[PDB]
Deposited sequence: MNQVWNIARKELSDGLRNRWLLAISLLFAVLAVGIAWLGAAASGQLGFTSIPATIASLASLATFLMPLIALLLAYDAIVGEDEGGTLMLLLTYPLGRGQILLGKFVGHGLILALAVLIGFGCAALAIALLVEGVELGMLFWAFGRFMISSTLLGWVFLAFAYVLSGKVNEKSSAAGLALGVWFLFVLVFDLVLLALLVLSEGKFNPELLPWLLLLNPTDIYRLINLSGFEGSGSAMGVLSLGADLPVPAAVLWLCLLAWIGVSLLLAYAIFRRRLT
């Protein structure tokens, strides 16, 4: 299978990037520091759960968009895309191989960070039951890898459209700024400026249009704690959906964007 050949090239290409290594080391040391702060303040479990969720939300889209902002537009202007099209390959094989390689890099970074944090929690806090810790941290790695794959597909969509790498970097910066900061500030301004009198039924349903809030709604299901620890995500308690609908919505956010990236890459010539 040529998909594994493209993925084997992409793994060794992406593991030699130094910005990725620096940001993954920063993520690991920040997760260790947040775990040590939670252990020192320990019951402070929802505070450190929300802090780890916010750290992963701020850092893992950055890792995915730094990996895949030049996957298609960097091959086309590098002259190797036409060469690969003359090789016995399709376009779905190239896209699937790049997605598999970058997803393996994302899963490796997630596993390193949330293994270091779990080891720090296990060594620091005495008498901690492993039945909650293993379940919560496994949910953390699975949802973090899903969020990274969401932004990988976003980067593939934004890279298959442009014809220059600088515009791809600008669109990646705009995508990172829009989904992380701008959407929550827009929702907060809509809630504050209307005092909760602007469509009270439809407003909790707008949280499903941002994957970075579905991630925190997944990871704040077990330990709500206090109502001030979420801000706008206190609107998520009014959602009548069960817990698996958020997982299905994250999978749909992967799939729809991957199909759109395949359509754009197929049309592009």
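Peer 1: In sequence order, which parts of the deposited sequence are missing C-alpha coordinates?
Peer 2: No C-alpha for residues 1, 44-48, 276.
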